[PDB]
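2 protein chains.
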Amino acid sequence: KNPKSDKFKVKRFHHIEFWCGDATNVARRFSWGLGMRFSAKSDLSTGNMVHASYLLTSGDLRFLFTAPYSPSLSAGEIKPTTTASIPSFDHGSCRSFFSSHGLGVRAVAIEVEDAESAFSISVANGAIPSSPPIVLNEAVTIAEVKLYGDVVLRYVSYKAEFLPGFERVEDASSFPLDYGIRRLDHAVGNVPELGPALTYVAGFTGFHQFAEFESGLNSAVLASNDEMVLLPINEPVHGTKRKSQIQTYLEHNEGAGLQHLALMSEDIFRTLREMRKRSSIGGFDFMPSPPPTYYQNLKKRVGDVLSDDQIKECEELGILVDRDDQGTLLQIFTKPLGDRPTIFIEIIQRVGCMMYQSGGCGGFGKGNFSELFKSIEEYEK
Amino acid sequence: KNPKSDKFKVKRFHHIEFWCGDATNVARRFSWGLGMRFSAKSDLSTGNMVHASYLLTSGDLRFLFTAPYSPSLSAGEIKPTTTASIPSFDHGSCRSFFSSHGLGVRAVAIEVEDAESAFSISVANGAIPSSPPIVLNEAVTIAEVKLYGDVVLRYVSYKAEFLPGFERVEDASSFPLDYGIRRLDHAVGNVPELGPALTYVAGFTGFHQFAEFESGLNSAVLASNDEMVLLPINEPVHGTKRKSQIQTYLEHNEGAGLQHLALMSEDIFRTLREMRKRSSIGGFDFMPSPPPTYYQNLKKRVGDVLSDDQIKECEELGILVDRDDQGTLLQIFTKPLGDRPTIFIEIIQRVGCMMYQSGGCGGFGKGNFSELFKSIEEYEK
Ligand SMILES: Cc1c(C(=O)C2=C(O)CCCC2=O)ccc2c1c(=O)n(CC(=O)NCCOc1ccc3ccc4cccc5ccc1c3c45)c(=O)n2C
Ligand SMILES: Cc1c(C(=O)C2=C(O)CCCC2=O)ccc2c1c(=O)n(CC(=O)NCCOc1ccc3ccc4cccc5ccc1c3c45)c(=O)n2C
Ligand SMILES: [Co+2]
Ligand SMILES: [Co+2]
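The listed protein sequences correspond, in order, to chains A and B.
Just so you know, the first sequence maps onto residues 35 to 194, 201 to 253, 262 to 403, 411 to 436 in full-length UniProt numbering.
Just so you know, the second sequence maps onto residues 35 to 194, 201 to 253, 262 to 403, 411 to 436 in full-length UniProt numbering.
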């Protein structure tokens with residue numbers, strides 16, 4: 035059931051912004067590890083005396099990395115005279131965020147029809163305002179409300201090229217890396233209490249609960273009208289034999305925040321071949337692979353969707369498989385992206401639900424918690 | 035002239051420590067960009083609840099990257115019960131350093147015969163103490179005094201494997217990258233006033249002024273007895289037509305600090321081939337290459353040291369060449385390592401002064424300021 039109750043017109047995920055200590059080093063690491071091209075910049079070389087911001091792209095996926103300069107460079111500016119390209123940026127907020135949480139996502143940005151109306155409707159329906167609508171070069175409007183923790187939901191709307205004041209990157213510095221990643225599928229938050237978090241976000245967005253089918265968590269998914277903006281939220285389950293990874297997250301993150309980004313690949317086999325080649329030479333590491341019993345058990349579960357060879361290809365790459373009533377999910381998880389056991393990445397590809412493919416086809420892999428446990432037991436033997 | 039006036043026995047450069055916001059991302063970027071292997075770690079997985087520290091090595095070059103965890107993880111510890119492997123580490127100091135200066139060098143570490151005596155003699159001779167001698171696992175002693183700005187000179191001495205509490209890295213995560221870099225040749229600081237900085241450091245070390253032969265700077269080099277520890281220091285020259293890069297550094301760094309690290313390569317041609325291949329795929333960028341007139345002028349200057357082909361190889365890679373009365377220097381400079389126009393790297397190789412090669416053979420390339428200017432004028436034509 036989908037009541038299509040969005041209180042304003044939402045289009046697609048637009049970008050994800052990381053708040054960093056040094057944007058250059060994080061952006062270069064991510065570019066190589068994920069196969070994303072340097073696409074745009076806003077920094078001292080573009081006249082921005084406030085923050086350094088570098089944009090990476092792969093298909094429609096946009097990752098923005100931002101760090102503050104010394105406040106002394108902009109000490110004579112006021113908001114009316116700012117050289118910042120992102121007017122919501124604040125030195126103190128950024129330093130406080132990073133000192134509290136370490137490297138992580140500050141903004142989950144969605145494109146909307148009218149960012150001013152989305153902001154107004156959101157706040158009228160309980161959203162805590164974070165940054166008011168600001169019109170950039172009479173061309174783009176940006177506004178921000180609190181999502182959870184210190185993560186904001188950023189609304190962006192365009193009259194008619202990322203943001204004004206950003207410059208396209210010199211193609212000598214823009215190597216055309218591409219490992220197959222194409223868009224953000226979903227963005228997942230960890231909170232201490234799922235109920236109040238769901239009520240708050242669904243309250244100001246009108247997003248509905250997305251249909252699904262002790263492992264340490266309870267979760268639910270909020271979805272826009274066409275179910276292409278997907279925002280799962282997790283809470284810990286306390287008292288388990290194995291400590292909840294959600295609780296570990298909350299401890300090391302100093303509270304609620306974004307847990308993982310799920311990145312859709314148009315060819316998850318190529319993406320994982322390319323990412324795994326680079327794990328130990330600057331890229332990203334992956335979770336330990338499931339035992340071979342897991343891949344023998346795949347024949348009975350998805351043998352009508354994947355051939356034996358395609359199943360063997362999943363086994364070589366450590367890919368997990370889950371199934372809905374409508375489709376099939378291929379997924380895999382990285383180790384944490386930075387020092388703290390907090391944020392990580394998921395690579396996914398979805399099979400089925402052709403109408411275009413409907414959002415969320417095959418679910419989110421919750422069936423893989425039980426399958427992994429069974430598989431671990433069976434391999435013990 | 036070398037009076038050999040060291041007030042304590044100094045051996046060689048031991049390591050360089052960067053203070054980071056996220057050590058993982060900086061270390062992975064540097065590993066790929068410079069061809070350094072992940073060699074050791076001290077972090078949550080080794081029981082360190084205080085800081086994440088990752089060691090990269092290439093030959094005898096040791097780069098350490100350290101970032102603080104949430105203080106909450108160690109809030110019950112005191113110094114007698116600390117799980118930090120580097121007892122001088124302090125959360126507040128590290129966050130303050132990084133917020134003030136951005137990514138940069140906190141510690142220039144030299145190995146000495148006895149770190150406790152070096153500390154005591156240094157402080158008796160004017161050094162400002164930063165961290166007192168602490169004996170680690172009855173095996174290593176570490177002590178720190180102020181060098182310039184918020185950079186410390188760290189003394190390390192060994193009774194008889202980096203530091204106790206560090207663990208060797210799993211060789212699955214330890215890819216054997218190597219682009220030819222072999223050791224730290226020199227480490228250069230920028231200060232507002234050269235005179236007082238020289239008097240202070242030479243005062244507590246006994247290091248002597250190393251012999252040499262308007263560009264925006266005055267410089268001098270302090271050297272240990274065998275001239276293998278080399279510490280140049282720069283001050284700006286004000287009022288020049290082109291603003292001093294030293295003054296720009298001081299402004300963007302919020303004061304004095306480490307300007308560049310010069311890394312000796314055993315094969316600078318291979319090192320630059322490998323580094324330039326990776327510049328736009330996560331590595332380091334290099335300064336703009338000098339015009340071809342510079343390389344035509346090399347025949348008259350070093351045609352007795354480099355063949356035409358070896359000169360052409362310098363031209364393909366953008367390598368600079370300078371000459372002393374004793375030897376020849378091949379050098380090249382990276383663009384800044386992070387967001388701010390502050391710290392950068394120099395790659396060097398020295399030719400001549402065979403006895411082993413004496414320290415500082417061929418100088419530091421000061422002749423290349425004038426040669427570059429002449430070369431730029433000639434290419435204008
Ligand atoms: C995240 C996820 C999903 C998922 O998408 C999802 C949604 O979209 C919405 C619905 C709810 C939900 O779940 C589905 C299936 C998953 C997983 C998943 O995450 N996982 C495994 C894991 O645990 N991944 C994170 C691992 O965390 C850590 C990794 C590495 C470390 C290394 C050293 C460490 C040292 C000290 C403490 C540490 C704590 C946590 C550490 C860690 C520590 C899995 O198996 N399935 C099968
Ligand atoms: C450093 C050095 C040595 C050297 O070893 C040395 C010693 O060992 C001890 C004795 C004193 C000394 O000198 C020798 C020769 C050098 C150089 C050297 O450094 N150079 C060129 C340059 O300038 N390298 C740093 C470039 O800084 C910047 C690079 C890139 C940017 C990009 C964007 C920017 C935007 C805005 C502001 C910026 C400010 C500064 C920016 C910058 C800015 C050179 O040519 N020779 C020839
Ligand atoms: Co997911
Ligand atoms: Co130098």
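Using N, Cα and C, we set each Cβ at its ideal position, and we do this for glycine too.
Interface annotation, B/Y219: not in contact with chain A, CB-CB separation never under 8 Å. Contact between B/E201 and B/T175 fails: their C-beta atoms lie close to 15 Å from each other, not under 8 Å. Beta-carbon to beta-carbon, B/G67 and B/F332 are separated by about 4 Å, close enough to satisfy the 8 Å threshold. B/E275 is positioned such that its CB atom lies no closer than 8 Å to that of B/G93. For B/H286, the secondary structure class from DSSP, reduced to helix, strand or coil, is coil. Inter-residue distance for A/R349 and A/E363 is about 15 Å (C-alpha atoms, whole angstroms). For A/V142, the shortest separation between its Cβ and any heavy atom of ligand 1 does not lie below 7 Å. Within the segment 328-341 of chain A, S328, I329 and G330 place their CB atoms closer than 7 Å to a CB of chain B, listed in sequence order. For A/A57, the chain B residues whose Cβ falls inside 7 Å of its Cβ are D387, in order along the chain. Bridge partners of A/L365 according to DSSP: none are assigned.
If the five residues before and after A/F132 are omitted, its C-beta is found closer than 6 Å to the C-beta atoms of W53 and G55, all from its own chain and listed in chain order. Between B/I391 and B/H308, the C-beta spacing is below 8 Å. Relative to the Cα of A/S130, the nearest Cα in the group A/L181, A/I168, A/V185 and A/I144 belongs to A/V185. Cα atoms of B/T382 and B/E394: separation of roughly 6 Å, rounded to the nearest angstrom. The Cβ-Cβ distance between A/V142 and A/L187 falls below 8 Å. From the beta-carbon of A/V60, the residues of chain B found nearer than 9 Å are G55, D56, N59, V60 and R63.
No Cβ of chain B is located within less than 8 Å of the beta carbon of A/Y297. The Cβ atoms of A/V231 and A/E262 do not sit closer than 8 Å to each other. DSSP, read as helix, strand or coil, puts B/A109 in coil. Taking a 10 Å sphere around the C-beta of B/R140, we find 16 or more other C-beta atoms and assign the residue as buried.
Here A/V44 is not near A/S313, since their CB atoms are 8 Å or more apart.
With a 10 Å radius around the Cβ and a threshold of 16 neighbouring Cβ atoms, B/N301 comes out buried. In this structure, B/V228 has its beta carbon less than 7 Å from a heavy atom of ligand 4. By the neighbour-count definition (other C-beta atoms within 10 Å, threshold 16), B/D387 is a buried residue. Listed along the chain, the chain B residues whose CB falls inside 7 Å of the CB of A/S133 are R129.
In the three-state scheme derived from DSSP, where H, G and I count as helix and E and B as strand, B/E145 is classed as strand. It is roughly 12 Å from the alpha-carbon of B/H49 to the alpha-carbon of B/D225. B/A101 belongs to the set of residues whose beta carbon lies under 8 Å from a beta carbon in chain A. Taking 8 Å as the threshold, the shortest C-beta distance from A/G81 to chain B does not fall below it. For A/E322, the shortest C-beta to heavy atom distance toward ligand 4 is 7 Å or greater. Within chain A, the residues whose beta carbon sits less than 8 Å from that of B/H300 are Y103, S104 and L107, listed in sequence order.
In the DSSP annotation of this structure, A/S413 is not part of any beta strand (DSSP E), being labelled neither H nor E. Assigned with DSSP and collapsed to three states, A/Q374 falls in coil, not helix or strand.
DSSP, reduced to helix, strand and coil, places B/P114 within a helical segment of the structure shown.
When distances are taken from the beta-carbon of A/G303 to the heavy atoms of ligand 1, even the shortest one reaches 7 Å or more. At a beta-carbon threshold of 8 Å, none of the residues of chain B lie near A/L311; the nearest stands roughly 18 Å away.
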